[PDB]
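Below: one structure, written as structure tokens.
Indexing begins at 1, ligand by ligand and atom by atom, following the structure's order. In what follows, every chain begins at residue 1, and chains take the letters A, B, ... in the order their sequences are listed.
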Amino acid sequence: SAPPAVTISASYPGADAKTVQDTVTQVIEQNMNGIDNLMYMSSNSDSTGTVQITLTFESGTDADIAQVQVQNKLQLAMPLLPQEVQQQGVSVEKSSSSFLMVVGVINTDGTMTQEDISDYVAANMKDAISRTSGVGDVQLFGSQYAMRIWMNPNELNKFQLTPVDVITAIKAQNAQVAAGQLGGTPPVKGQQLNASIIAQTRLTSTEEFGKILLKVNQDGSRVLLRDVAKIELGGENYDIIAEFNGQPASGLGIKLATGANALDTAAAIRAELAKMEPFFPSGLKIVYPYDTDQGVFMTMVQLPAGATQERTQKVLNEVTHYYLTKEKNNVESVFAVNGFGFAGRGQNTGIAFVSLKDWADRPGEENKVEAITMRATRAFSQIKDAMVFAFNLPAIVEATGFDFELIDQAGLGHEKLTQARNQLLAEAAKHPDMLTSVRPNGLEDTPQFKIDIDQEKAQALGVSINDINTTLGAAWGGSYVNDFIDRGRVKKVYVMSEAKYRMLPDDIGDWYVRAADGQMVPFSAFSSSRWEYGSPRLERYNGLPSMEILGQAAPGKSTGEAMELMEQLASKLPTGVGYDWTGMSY
Amino acid sequence: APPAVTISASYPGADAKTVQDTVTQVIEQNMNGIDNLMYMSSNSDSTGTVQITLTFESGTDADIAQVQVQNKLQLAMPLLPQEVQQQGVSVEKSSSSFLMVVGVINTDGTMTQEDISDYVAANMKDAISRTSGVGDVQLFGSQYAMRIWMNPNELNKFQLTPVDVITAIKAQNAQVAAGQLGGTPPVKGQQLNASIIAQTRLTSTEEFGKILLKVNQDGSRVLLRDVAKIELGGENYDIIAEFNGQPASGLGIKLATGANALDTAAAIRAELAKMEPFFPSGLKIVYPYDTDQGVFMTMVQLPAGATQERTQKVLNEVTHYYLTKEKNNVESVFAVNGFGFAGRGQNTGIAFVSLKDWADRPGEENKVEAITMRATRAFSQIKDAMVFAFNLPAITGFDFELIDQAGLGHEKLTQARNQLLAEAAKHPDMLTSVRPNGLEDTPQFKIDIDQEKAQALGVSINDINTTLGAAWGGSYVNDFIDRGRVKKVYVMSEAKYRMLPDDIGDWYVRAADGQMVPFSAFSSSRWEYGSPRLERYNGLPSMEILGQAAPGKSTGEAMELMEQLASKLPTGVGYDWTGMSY
Amino acid sequence: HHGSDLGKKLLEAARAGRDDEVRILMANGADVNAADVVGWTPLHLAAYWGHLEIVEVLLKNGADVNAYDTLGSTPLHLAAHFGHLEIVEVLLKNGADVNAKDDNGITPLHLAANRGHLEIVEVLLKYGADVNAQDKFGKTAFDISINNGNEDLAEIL
Amino acid sequence: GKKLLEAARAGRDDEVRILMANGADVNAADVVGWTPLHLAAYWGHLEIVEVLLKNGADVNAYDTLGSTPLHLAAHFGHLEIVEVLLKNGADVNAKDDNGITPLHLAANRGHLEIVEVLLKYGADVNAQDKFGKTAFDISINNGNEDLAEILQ
Ligand SMILES: C[C@H]1c2cccc(O)c2C(=O)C2=C(O)[C@]3(O)C(=O)C(C(N)=O)=C(O)[C@@H](N(C)C)[C@@H]3[C@@H](O)[C@@H]21
Ligand SMILES: C[C@H]1c2cccc(O)c2C(=O)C2=C(O)[C@]3(O)C(=O)C(C(N)=O)=C(O)[C@@H](N(C)C)[C@@H]3[C@@H](O)[C@@H]21
């Protein structure tokens, strides 16, 4: 029944929502031509540097054909995208297919972080799982290790070095070079020796990265990378924190291959997991946090704007604690995910996946999914400075609401589109007899730190703007430099400031850039900053700026009557503001 | 009809040989391993454009053919110049003829031709291009870019070059990823999380005007507006259209191979209905070409070398004839200068003619067939321009290819072509109108950089060729945001400093020692002849030749003579039948 | 006063321009000078988003007219920067520091001149804005006009 | 003597002793100048190292770049083989074309057990290579605290 959909996903590490939209999203959307059977296209670009573009096709469209046509158009547009985006990979996959099952991985010994667990799943479990019969796509809940170079601006200023020098040295000294052969063809006739020449090879350990030579002081002393940075194996990304009943977790999201049997594949996965368990290191255990009443439900967590990951974790821990105590008789597991929810991603969002005991062992109406989620939601209404909501998602997705798109049709811009949305939402509230819960599906503008580089001061001091923007980006956003070999497996190398030097506006002053003459110049010499509001999540519909609006028809009114009202209110919005229906309302 | 997949790419400022030798040959050499390919043909133009047509066997799935071509082109993309990759290459599976033309005018006359073209490109083209069944969309106009029109006198005065301008634009029209306050992984106890916003794309001529090029040693500032005029203007200026003499733009839409012509047109009309309520005041959609027929076309081809101004004069007389002599039969004329029935150039044009209702054109002399032939006869008295009117649905003599089989080269292939053309003229009883389908060589300006003098002065040859190409050909620098939409930024000489050979000497390049060196100090130039359009067939240099059997003679008989005529051509010259003759 | 929950709701009310919740909240004793994480008061938010009436009701209930955020910016900075002429006047009428400098030495005159708000530049000068005030880079409002190529603003200054 | 080069490499003790019982050259070399003693010390075949030295193998044989079988054994952590070579008269201070001694190769790989045996046999702790580096500089550059103090 559901129309086929293809989703394009891309990543710009360290980029804001506007940067993502204007260098990636718009460029990709402008190249989505010549594709058959397209109904509509929608996208969002957010402050985690992520863009998703969903293309929805007419019913009966071959999803394989749709995916191939979309991916081919995307690949021809690949040279138009930033290098940092190309290096992360831009995936094009059939969507609107939930997981066949979710496999969680924990360590009962408490000796492994979630990064340690994710790297074990990536290097020892995921590939054999994806080769299991009936298995289609497999998503890793985390990443394999990356070599993390955590920079110290105080040490770098001491030896007159910048992150530019660190990145240059790593590219030069973590390198794998083609070096030719002795006696290669064409040779001198009579040659006997034929041997490959081996020069530099990729580094393999924190120790080898630590002795990368940055500079030799003129008094004879050496500055090694370990003198300006802490070096450890870690994650490629730290936006998501996963816990299973409070313990660190990773895992796999497994999708069923097209035309394969669901339960046959589920048994094959479990049988493959049974093979691996003898080889697990001590403590590693497989769990199943969501055996899809239904026996499972979700809990939403949303914190105010600007709220940090640590604050979201506190609320999620309270949610986990409530279910494992106040519902210890009904709940078997809570899988808490800090970093995304339904309304988008970010440090102030989270979602908990709750699996219940067997329905047979939960007698009574009070121990069923609906009654459990009502007590939970009522108990969580106490929690201050957080919106916490429990629900069974099949029960909530199931026929009374509409899906509205407000569209900028004349280049008005985000601020003027926000005003038009506010005017429509204010009017929708004036008709409670017909429209209830008319709300934006997206996020509101939040404060952001706007730093202006003074071009005249940088040129007068001899400071390159590219050194300035590389220093700022690499230290505060992080940078994928190149690859290394971890126990025989190729993995990524990331440079970024140690956390304590990239937390607050005053930390901007700790960072120095080297000028043409050799002096170290602080950021305060050529920059100024102020607070301003901006979007953490920009939306587009059919290639134009948009804002999605959800709502319900009032009790005693039809879905068509409610839509009719919305159209009437929309007709009196400012000039250049249009609308369209999508999803359930298309 | 056998399905055809078309590859298109563009190289701003490149000549035909440059396009052929850095793009066309590279793509052709990597079109291997594709199923059911009948033949392959290509044009490389001095507009900087390449079009490669891959024709497949009848019954081939057009979806499969397109995907296989796209995948092979993807693997060859790293072999193409970066300047070509960044323009975007297109691969399409559409008919060669237009299904319909969507015309856009401003009834209030408050928008110029270029204003209308940008509106169409920025607000209409993309949604039409995504409509199912639309195989190709031609914009009869150009989208706005941010145009930096450089002045070589002021650049020299401040000892700057186009290299300095390009470097400053990339540095100061940038979109910076700068991370977050309290980003992950954070310290414990962190309370604030916020995006850091650094530089963002410029959005206006004023912002580009204050790009800071240099600070003089006394303290004064040299801004970009001090060495250039800054304005919105088309990415190129080669295509201008008119609707009944009035400024216009529009979209030429071609039907995707296998799509339904009627269903596609209705979907296009429904998409246009969504856009109309948000048009600026005065903007109106007209429909000048919807596929008796009720419509027809007229093509205009001037000799290679003709300017846009001279082609416009010929289009004016074509339009004038339909608007006066055929008053009672013609509803509208949509005329496009710079776009031709085959290809693109300053010396070609096309006019789409729409007839009044069939009921208002009674009599056999007022039907499409009688009108088009009367027009062809009237236009046959036009001096130095091929002009004729014809028909073409949304979905004949012979078609002959002369092929360079032994690396003979362009000059020798031209000579063999002329030798065969003169022999066919000596058989008027069998062959008629044996002519080349392509273009003739034209004078080009050959400039030679003296490597010794450049090195003796310390002038980098990269600075020289960048200065030459950016000034006289234009350079795509990077992107900006125009009213919320990503568009291009171009640098190029202001028109009056790139018109005449003497202007070459007004451009200065900075040497290593900081001295400015004029182009005359390290270059010399002469006139020579070269091709404005190079053709290839199945990967080899080629020249298409058209013709027809004489009256009272069969097509197979005419083709028999052409084969015998070709067998007596110089060594290494082959041939092949294509198209209708395949 | 209650605890600290009404202050946060006054910030969101003033940010979202709801004259309704704002007067109800201060009738219940909400902290009129409650600040958010970046140090913005309800007067900051109302001045930024141009809600003239909320600025009025806030000021009569004792809102600090010269409060600064964590980077030294006052509500007059915001109002002048984004062209809210009516708010600029009522702020100056209520004693807003016309020569307030943020952490970068940027004055309301610099911000108003940079975005070309001529009417606001005139109002600021009327209340005694220093025409020769320089920011951290030595630039005056006149230098800003010259760099932007705004000769009508340059003529006033 | 090629079959013995192959035999000393693949680690087949029985074949090897057939070859000197048949008189194969104990000092045969391949194109890179590696004797069977080199091959046995590289892949760590102790028994063949003992047998070859028993049949008069050059304990100080050089390859085309001046490396001895002691260099290979010290480099790749073969403590049993560095002992057997040093008792048979391996130049503990042997330099290759780059001035690299077995103490350098042992210190770089952190083979502290082999470093002690090398020192015990008279290894010059202050020996430099062409770049002037000693075994102590290697320990400092690698961060090996224990190895650093064994060289004082
Ligand atoms: C990562 C998934 C997960 C991880 C660990 C334990 C779990 O129980 C899950 C899920 O069940 C998820 C879903 O059910 C999704 O709804 C889910 O399956 C899904 C999907 N396949 O489209 C989503 O779109 C997600 N939605 C936005 C909330 C969500 C998944 O993110 C998670
Ligand atoms: C889907 C994410 C997820 C879902 C549910 C539970 C989880 O614990 C996660 C993650 O931790 C992910 C990451 O950490 C990513 O590294 C992650 O966060 C991420 C990103 N933010 O760009 C990626 O690039 C991902 N990639 C595989 C390295 C990866 C994510 O795919 C997952």
Identity and distance of the protein heavy atom lying nearest [atom]:
| atom | value |
| --- | --- |
| atom 2 (C) of ligand 1 | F99(A) CE1, 3.6 Å |
| atom 27 (C) of ligand 1 | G341(A) O, 4.1 Å |
| atom 21 (N) of ligand 2 | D239(A) OD2, 4.0 Å |
| atom 5 (C) of ligand 1 | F335(A) CE2, 3.4 Å |
| atom 22 (O) of ligand 2 | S11(A) OG, 3.8 Å |
| atom 12 (C) of ligand 2 | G142(A) N, 3.2 Å |
| atom 14 (O) of ligand 1 | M298(A) CE, 3.5 Å |
| atom 1 (C) of ligand 2 | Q139(A) NE2, 3.4 Å |
| atom 29 (C) of ligand 1 | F353(A) CZ, 4.3 Å |
| atom 20 (C) of ligand 1 | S98(A) OG, 4.1 Å |

Atoms of ligand 2 close to [X] [distance to a heavy atom under 4.0 angstrom, numbered from 1]:
| X | answer |
| --- | --- |
| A242(A) | 8 (O) |
| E236(A) | 28 (C) |
| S143(A) | 16 (O), 28 (C) |
| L140(A) | 31 (O), 32 (C) |

Q. Do the side chain of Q302(A) and the main chain of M387(A) share a donor and acceptor less than 3.5 angstrom apart?
A.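 Absent.
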Q: For the pair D293(A) (side chain) and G295(A) (backbone), establish whether a donor and an acceptor sit closer than 3.5 Å, ignoring hydrogens and angles.
A: yes
Q.
Between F335(A) and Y290(A) (judged by ring centroids, cut-off 6.0 Å), do the two rings come close enough to count as a pair?
A. no
Q: Ignoring hydrogens, just give me the one of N237(A), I351(A), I117(A) whose non-hydrogen atom is nearest atom 18 (O) of ligand 2.
A: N237(A)
Q) Taking the minimum heavy-atom distance to atom 26 (N) of ligand 1, which of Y288(A), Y290(A), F342(A), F141(A) ranks first? A)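 Closest candidate by heavy-atom distance is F342(A).
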(Q) Assess whether a salt bridge exists between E236(A) and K492(A), defined as any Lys/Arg side-chain N lying under 4.0 Å from an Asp/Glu carboxylate O. (A) yes
Q: Answer yes when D137(A) and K255(A) have at least one side-chain N-carboxylate O distance shorter than 4.0 Å, and no when they do not.
A: no
Q.
For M374(A), I'd like to know if atom CE has over 12 heavy atoms of other residues, nucleotides or ligands within 6.0 Å.
A.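 Atom CE in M374(A) is not crowded, with 12 or fewer foreign heavy atoms closer than 6.0 Å.
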(Q) Around atom CD of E58(A), are there more than 12 heavy atoms from other residues, nucleotides or ligands closer than 6.0 Å? (A) yes
Q) Pick one: which of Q52(A), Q26(A), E29(A) meets side-chain hydrogen bond (donor to acceptor under 3.5 Å, both in side chains) with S43(A)? A)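 So, applying the side-chain hydrogen bond (donor to acceptor under 3.5 Å, both in side chains) to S43(A) and each of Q52(A), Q26(A), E29(A), only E29(A) qualifies.
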Taking the side chain as every heavy atom from C-beta outward, state whether [X] and [Y] have any atom pair closer than 4.5 Å.
| X | Y | result |
| --- | --- | --- |
| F209(A) | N174(A) | yes |
| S118(A) | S143(A) | no |
| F391(A) | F297(A) | no |

Q) Does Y238(A) come within less than 4.0 Å of ligand 2, judged by its heavy atoms? A) no
Q.
Can you name the atoms of ligand 1, numbered from 1 with element, that are less than 4.0 Å from a heavy atom of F340(A)?
A. 31 (O)
(Q) If you scan the protein for heavy atoms around atom 24 (O) of ligand 1, do you find one that is closer than 4.0 Å? (A)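 So far as the 4.0 Å threshold goes, atom 24 (O) of ligand 1 is out of reach of every protein heavy atom.
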Q | Quiz item: cation-pi between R270(A) and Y288(A), 6.0 Å / 45° | A |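 Pair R270(A)/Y288(A) counts as cation-pi.
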